[PDB]
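Residue numbers (the entry's author numbering), protein chains in the order written: chain D, 6 to 447; chain F, 6 to 447; chain A, 6 to 447; chain C, 6 to 285, 293 to 447.
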Amino acid sequence: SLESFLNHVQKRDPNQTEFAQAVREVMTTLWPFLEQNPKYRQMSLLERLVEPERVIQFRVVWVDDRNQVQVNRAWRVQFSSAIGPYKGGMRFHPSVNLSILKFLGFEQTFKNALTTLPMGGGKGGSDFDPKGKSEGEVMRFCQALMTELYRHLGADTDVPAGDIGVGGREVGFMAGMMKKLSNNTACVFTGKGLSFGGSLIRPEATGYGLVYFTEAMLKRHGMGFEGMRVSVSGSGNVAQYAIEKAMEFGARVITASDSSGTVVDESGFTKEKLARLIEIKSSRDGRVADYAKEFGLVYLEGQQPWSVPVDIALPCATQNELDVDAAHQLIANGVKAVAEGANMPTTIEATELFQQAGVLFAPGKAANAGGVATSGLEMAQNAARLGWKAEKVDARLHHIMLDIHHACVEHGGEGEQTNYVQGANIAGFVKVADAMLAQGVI
Amino acid sequence: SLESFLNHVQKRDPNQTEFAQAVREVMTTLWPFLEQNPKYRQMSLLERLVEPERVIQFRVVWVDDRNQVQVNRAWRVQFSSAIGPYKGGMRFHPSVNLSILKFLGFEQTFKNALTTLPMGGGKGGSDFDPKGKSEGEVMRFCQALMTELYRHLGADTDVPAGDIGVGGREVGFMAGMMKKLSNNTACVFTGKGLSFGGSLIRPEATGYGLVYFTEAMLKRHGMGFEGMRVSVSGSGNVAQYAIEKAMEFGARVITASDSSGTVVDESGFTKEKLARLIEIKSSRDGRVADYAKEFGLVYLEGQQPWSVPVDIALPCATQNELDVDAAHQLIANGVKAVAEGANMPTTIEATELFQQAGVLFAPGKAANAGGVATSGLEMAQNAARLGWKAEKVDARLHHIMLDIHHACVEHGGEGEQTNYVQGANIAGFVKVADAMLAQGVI
Amino acid sequence: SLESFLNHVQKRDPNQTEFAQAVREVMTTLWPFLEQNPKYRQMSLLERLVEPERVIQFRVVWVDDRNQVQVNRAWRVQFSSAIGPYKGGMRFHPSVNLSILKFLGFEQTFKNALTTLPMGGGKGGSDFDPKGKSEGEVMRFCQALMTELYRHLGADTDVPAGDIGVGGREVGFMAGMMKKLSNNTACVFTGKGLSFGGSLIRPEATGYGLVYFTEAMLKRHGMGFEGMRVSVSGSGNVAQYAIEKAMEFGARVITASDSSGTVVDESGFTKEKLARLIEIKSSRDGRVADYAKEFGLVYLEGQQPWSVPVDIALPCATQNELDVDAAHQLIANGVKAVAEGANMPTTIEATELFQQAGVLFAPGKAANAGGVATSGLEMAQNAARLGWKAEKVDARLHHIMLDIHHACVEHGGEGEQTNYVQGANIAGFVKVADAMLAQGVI
Amino acid sequence: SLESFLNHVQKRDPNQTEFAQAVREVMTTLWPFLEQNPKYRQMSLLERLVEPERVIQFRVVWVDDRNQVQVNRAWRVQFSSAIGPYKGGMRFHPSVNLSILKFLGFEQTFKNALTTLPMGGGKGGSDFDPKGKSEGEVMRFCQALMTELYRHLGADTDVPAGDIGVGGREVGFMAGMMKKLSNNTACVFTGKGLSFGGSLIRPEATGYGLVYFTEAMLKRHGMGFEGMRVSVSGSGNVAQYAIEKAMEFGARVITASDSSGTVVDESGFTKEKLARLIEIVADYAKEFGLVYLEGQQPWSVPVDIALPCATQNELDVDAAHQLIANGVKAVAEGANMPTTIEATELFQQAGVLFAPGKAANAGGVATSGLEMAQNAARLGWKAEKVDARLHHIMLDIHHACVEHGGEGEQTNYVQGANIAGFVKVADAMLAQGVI
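Listed below in structure tokens is the structure:
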């Protein structure tokens, strides 16, 4: 019984709400698959799978710019090493706790597994709030954290990366301190700058990968980006490069947005327009409204792009940005495909509605994995002690996205259209489960 | 101010009730001391003190006697290394969780400090339930636990020990695996058997220590064990050797008990009586009732010792065994002193009754520290590569207990009698605090 | 001098029968070369070469399904690291002893060297008898063995693999325990499953490699597989994929066989036919005779393929399957080449007969090395942190075989035909010796 | 049963003749005990005990004075770590092989256990022949050996020592290279010189301990060395300091000896004269006009206490008959197995106290234990402090023998020593589980 399993596992963590809801999500989707495949229920596999191999919680003491000694909490959740070394980002945010990091690390496990790359699953962070912190304060905090965390990481053990609160600068400081303490220059972090082992295509990877996956899904169901009206939400890293690769595939990309308005360009984005957009946005001063004003384009103040008739919708802004309400307009306006650049931007109800209406739906769990896949490419390049040209990284990434798509198809059902929600959850589970089964009771 | 600090610290651990209580307890009695000694509030000392240096939570996978794979959670809370290596027992019980281990680890930190030995504070365990398990199952569990835990321990890093559900057998299993995996024979566990580096006086240490401390307490306040009627609860090693030592100080020890009842002997224990009680209790099913019968002694089925008029009460049975009702009886019958052999046998209500009524009260936090002090001595002898005669361990334990008592007195106030709950909390804090301040921000 | 050397070497191991035989064979093979090239005898090279760098013998204690404690003996022979990390299988068989493992490790040093890959030489195992053991018993045994073995192994130190008694299941068990104990996911075992770092092409490798090598040899001597009558003996892993690859080069493969007899198809194997032979031989009762009956082909009960006139003969069944009488027939029928898929299928006398009649002869140590080569490719893919598609592993495998071919030609003399027996023997020794000489007295 | 166990154990090593003998001898002495205490056969205890935890065999390549590259084989048998780190000497001799090193390492386990010190059991060596080698060749060999061995040793792992072919010089070279490679100065070898962590009392250890044990044995049975007449055989290291300590207890030590014969002295040894013996026995004999005997043993002399400190099987049956007729009250073995087994029985049924060498001559190992303890303490002890600790240890070994020596009119120290060594190892193995 699904319910007694969930109840049984929640007993150890009765107040980890985020983690609880995360186990429920995966386990509900896997349950019917499990009952048809006895192999995946032996050796108390589910219990082993939800209990992280190792979590380290530790104290981080540091001195602020007013010379006040500050105390923060940090964690590295080392969830699964079945497929490879623990892998997943570090998050610095005042709301960070173990429930959140476990939910995140649980999900990275299946996501990394899906890339076909030899990567396990982890996540870490601190309740440290970078907001209003000076560069020095951040550097000292990063260093203070690494004086404990360094002993638990390694090139073939645990390789973290960035996340909310932890950008390139923070990755720089942690990696630098790791190298100093360990007297070892191997790849222990990804998201590195190009001057110390970073990879090309890292900025483009998530958005490019989203387009790659979506085109495979469209192609399989007799379609392509070619000449389709595409709406993109967001105007950040993901949106920006999704727009870029969409244009290269011959699509007419007619929107982008920020947290207060949407620009409409039925003529379609161009390279020039996008560059000019990437700019205005890059500062933080700049607004999508100013971009529109600059190019004489219709701007929808306070609105999303979901009322605009499109063939393909790519939510690339944030979670829950596309609900049944928005799903209804898209479906009525003739949408043929929906694919997630952001993490969980589509509500469960909208997702249900989309699948009921025959709309292709590509979940972020597979569709946005370009980022983590390219993190694996960075590790590989570092491993080989040779950097790769942009074109070969992009190509490899493309090949990975096609393999993710293929794995989804294998488990996505016999229906006229693949169920990618089912397909991606099952594919990620099987790779992990198979490894755990093979490596004995440890 | 106090409330504000306790509210602040609880934000990180909203549901760790036992930990919040432990902190509440320590801070409440520390608060007036800190106002008179503000240097111990400097460098955010308190904030640093309540956050453990590191906690390892880890999965433990093992196979039961029915060949079913089982999954348990385990932890090692490495709370403080300010004075020396993390030190404290392992507990196997289904109720074990991070809140409880943190509360226990926090308390071991101050107890070890009090002993004047170079030992830090730690505590670990697992929700594994030893009840009904076969020796094979316990061994396999212990060994599974160590295949992860061994990497986090070390003779100068963290030396664990026994506790509820972790007796000599289990310590032997864990030390065996530690030695095997590490190919290193150094002292990583205390409570070892004599065949592999254990210490003489280990069984007697807590009971002997209780009597040594109590006698020092009595002597300060113009009294002694000599000629005194003493009641003891319990009939395990703590109670047994308390009786043995009290008898040597010329005391008339008139009771002992188990979960089934209390034996009463107004003529007093003798060497030969106690020796027979020890033999009886060492059998699987030996009861106090059997002892009472053998010697024609009064036996109170289902009753505790506390309604007997005595000059000194020594609870050595279990937590919360000495309550309000019991205290009213003891107090009205003219009890002069109460000293704890067990872990927190006296409820807080009953403790307050004793203190307010002018009854000398020695908290287990100080009085039962003979056990942890002797674990320090085990480490000393293992380090020296030469074991000591029983007389040498005993004489050293005696000196330590007198040092503990002296420290409490130093901080116990200037009333008609020393407040040992006050003294013990302050004394343990001061040593740890001094250590933390000198070693900088780490 | 030869006899003097072997007599001297046996003094240290008077009872190691198999090891003495291995040394005798290898040295006999090399003595004429050594006398013409005294540089390879200087610096006490041969004396250093026959003495393994290190041997670990160790106790393995484990518990059987009847809760009875069992004691077995295990070894890892780390014979040579001149060229790279110790590399070689683990064997579990009641007949296993040091003498046998040294013989296997000594030969493996040169076979590995011959691959041109950077692998040293090693071999290991235990007298543990896997027959009649449960999955539980085998897992506990593998785990027990690793609790000692893990400390002597490593990705750049020693990388074992399977052998008799140690298949994919056992390799999975050992690698899992290795990873657990070490907290490190680098490649320490080859033969891994595809879910945790295994390589494609592993089943195909030995047969594929046999054909690649034979084609190189033919091509050097003015010939090719194209349009040639090829006889294959055997019908297992090696024969199957040798037929598969030979068909791709355009050969006419006209036989296959099992211990019961030979199928003869003068029209030649096709893909369709081969898939049916494999499906048939995949069942325990399935016979070559069933394949013959299905396709209406000639079947020779209790006969080998060697009566059939062919251009090329590929013994892929078993040791000594091709003796002088068979050799005479093949020769008189005009055979042009013979290459060994199985382990030593050709008897010494038959080998001489082939060479003396100008028949190209590729020895197994060179010709069947595809398997070992692919273990090198597995190590490489893991090192690169990227798995390769089958097409890429296959091409890389092909390049290795050409390189092995080149190594043999370098030392195969200047006769009208390259002598590959001589060439394979010298080349393996020369590369070990060169590396030993270069690296000084250690 | 005993025969079935021995035959089964041999299956894994059909040609290890010395090892087979060691196992047979240990198990034989234990079997009656084992039959009465089935607890000690449970958990396949014996099967685990006879199979060493690990053995490292390794190649040593070194260069001789003629610039010829030589190849030798070395080993380290890490037999048992149940009670503490592996501990035992290294032996350089061309006869050395795995069988011999296992025999010695197996026996060393129980001898080390019996001292009551926290020491496991091991033994190592090489077929390298030190004979006719220069200091430089020996040094280069020791250093080459350690470039492999260092990684398997450690202060809390395995602490070797000297043995045949491995003296203070070689211990010096090995300990030096160990320190260099590890960049760690902790105690990894015993037998070190006084300038780098060695212990005082080392030369005196075996002979002193012998007297310490025998005096404890005598007192338990209502006697002591004082006023008693003691005979000693030998004039080497043990014999020398045995005389010195027994003199110190008030004994009248009347004899010493070498291969060439035996010297007598009713007036007994004195301090100034023992010192003269050491320097140089017929030569010493001439310098004092003492009674001298050629090619014969000291056992023909009427004595109260006899201390064989010469060689194996030096106290035969008829000599024991001499001693017993002459009124001997206790025999104590200083040398390795100096009394034959029949003489042992004759003494025991004749009511004379008998101290086996594995117990009585244990001062040597005991002092290796003291060296480690001083190093661990980061202190050197004065000779008086070392000697006082040694005495304490010998009383502890004595106590260990008594508790398994039975309840006869006098304790059986042969049985006591054999069992006590076994039981402490077995108890430790039981407690640490299946590993």
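The beta-carbon is built from N, C-alpha and C at its ideal position, and this holds for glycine as well.
Beta-carbon contacts of residue i that lie in its chain and below 6 Å, excluding the five residues immediately before and after
| i | result |
| --- | --- |
| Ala256(F) | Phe230, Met233, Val235 |
| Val313(C) | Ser236 |
| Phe133(C) | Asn77, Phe97, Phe146 |
| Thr211(F) | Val243, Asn373, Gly375, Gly376 |
| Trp311(A) | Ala331, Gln334, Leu335 |
Buried versus exposed, by CB contacts within 10 Å (16 or more), residue i
| i | result |
| --- | --- |
| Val65(C) | buried |
| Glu284(C) | exposed |
| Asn242(A) | buried |
| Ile447(C) | buried |
| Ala160(C) | buried |
| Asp70(F) | exposed |
| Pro19(D) | exposed |
| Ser264(D) | exposed |
| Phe108(A) | buried |
Distance between residue j and residue i (C-alpha atoms, nearest Å)
| i | j | result |
| --- | --- | --- |
| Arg156(C) | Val164(A) | 19 Å |
| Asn430(F) | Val31(F) | 7 Å |
| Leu282(D) | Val293(D) | 8 Å |
| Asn325(A) | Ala389(A) | 40 Å |
| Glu142(C) | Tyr217(C) | 41 Å |
| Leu327(F) | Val303(F) | 21 Å |
| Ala149(F) | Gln444(D) | 15 Å |
| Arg53(A) | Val437(A) | 11 Å |
| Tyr246(C) | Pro208(C) | 8 Å |
| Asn387(F) | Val398(F) | 13 Å |
| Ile259(F) | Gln334(F) | 17 Å |
| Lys394(F) | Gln427(C) | 25 Å |
| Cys192(F) | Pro123(F) | 14 Å |
| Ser240(A) | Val269(A) | 13 Å |
Other residues of its chain near residue i: CB distance less than 7 Å, five sequence neighbours each side excluded
| i | result |
| --- | --- |
| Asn72(D) | none |
Whole-Å CB distance - residue i paired with residue j, under 8 Å assumed
| i | j | result |
| --- | --- | --- |
| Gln75(D) | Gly93(D) | 26 Å between Cβ atoms; not a contact. |
| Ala367(A) | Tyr425(A) | 5 Å |
| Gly129(A) | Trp80(A) | 6 Å |
| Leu205(A) | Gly266(A) | About 33 Å; that fails the 8 Å criterion. |
Alpha helix (DSSP H) runs wholly inside the region 27-81 of chain A, at least 4 long, in chain order: 50-54
task: Give, in chain order, every unbroken run of the beta strand (DSSP E) that is at least 3 residues long and sits entirely within the region 119-168 of chain C.
output: 126-131, 163-166
field: Inside the region 236-322 of chain A only - alpha helix (DSSP H) runs reaching at least 4 residues
entry: 242-253, 276-286, 293-300
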